[PDB]
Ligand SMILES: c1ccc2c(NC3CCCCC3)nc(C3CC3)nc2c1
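One chain follows as structure tokens, the form solved without the ligand.
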């Protein structure tokens, strides 16, 4: 079929393979699990979405990540285009090695990781990540997804249309800093989060030095990146850790939420000892993150993603 979303069977000549066993990556545990909100399984086991400013469809067999890209002449992805996929999934980070370390120092991980292999962190764009997770407060994956989708339709550049889906790039800072964006985003149902989207776009672009300020947090320390993000409206401790882990190359960031608290007590018998408060608070949440960073090591945020994936 020359129209529509492709499948491995329908258009074999347009797919290229990255050697990637299923223990290193499971799309079904990584793409709909609340890292990115913009991947869809348009046909069974085939995930479509925007990757490096282009639309891709991904599906995997036992040893191979099959990829196809929609650019005007149809042809399978080139080696350079496939490298964008490897960088997005950070395939040089070997889960077999990470899982071995986490199981070595943690018996509970070793037990529950066996049925949940292939859970890894995407390397997302800071802009998309920052604003997606600004929208994540008081909100669920289903509603976040719709909010992000309508956000991208209204302000993001049109790319291509496959079947009845028009794919849009994520909006620019300039777009999100434009006139009346908050009112517009309110019409799309973002509620109070609409103000924080507009306010954070204007803050970065008009007070912080622009896109280079955000992107160069990738080179700053984790502590520096977290501090800087927390200046932005809508970015609290938890949101900043999400962005640090998922977009700013801080694999030791541990977004502490009540879900992490339940896991900390149930499976690790953890309780706070730097403070005397017994439940969630700034002080105790910080300790909880430090606790998992010394238990799991510099990739604690990835280990958390494995555990989170078990529950869901």
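Residue numbers count along the first chain shown, from 1.
Gap check for residue 187 to residue 188: zero deposited residues are absent from the model. The PDB entry reports B-factors from which the mean C-alpha value can be compared for 284 to 292 and 21 to 29; the larger average falls on 284 to 292.
When 253 to 261 is weighed against 274 to 282, 274 to 282 comes out higher, by mean CA B-factor as recorded in the entry.
Residue set 114, 97, 198, 124: peak C-alpha B-factor at 114 (per PDB entry). The entry assigns its greatest Cα B factor, within the set 172, 136, 220, 166, to 136. Ranked against the other modelled residues of its chain, the C-alpha B-factor of residue 109 as given in the entry falls in the highest third. When all modelled residues of the chain are sorted by CA temperature factor, residue 154 is found within the lowest third. When all modelled residues of the chain are sorted by CA temperature factor, residue 14 is found within the middle third. Placement of the Cα temperature factor of residue 209 within the chain: highest third of the modelled residues, per the deposited record. The PDB entry assigns residue 238 a C-alpha temperature factor belonging to the middle third of its chain's modelled residues.
The following text describes the form deposited with the ligand bound, which does not appear among the structures shown.
Site status: open, since the ligand, placed here by C-alpha superposition from its pose in the bound PDB entry, has no atom within 2.4 Å of backbone or C-beta atoms. Across the proposed site, 48, 147 and 170 without exception lack any heavy atom within 4.5 Å of the ligand in the bound PDB entry. Comparing 280 to 288, 240 to 248, 49 to 57, 62 to 70 against the ligand in the bound PDB entry, the single stretch with non-hydrogen atoms within 4.5 angstroms of it is 240 to 248. Only one of 160, 74, 212, 141 comes within 4.5 Å of the ligand in the bound PDB entry through a heavy atom, and that residue is 141. Remark: residue 41 does not count among the residues lining the ligand in the bound PDB entry, judged by a heavy atom distance of 4.5 Å or less.
Contact annotation for residue 260: at least one heavy atom lies within 4.5 Å of the ligand in the bound PDB entry. Using a 4.5 Å cutoff between non-hydrogen atoms, residue 252 does not count as a contact of the ligand in the bound PDB entry. Proximity of residue 272 to the ligand in the bound PDB entry falls outside the 4.5 Å heavy atom cutoff.
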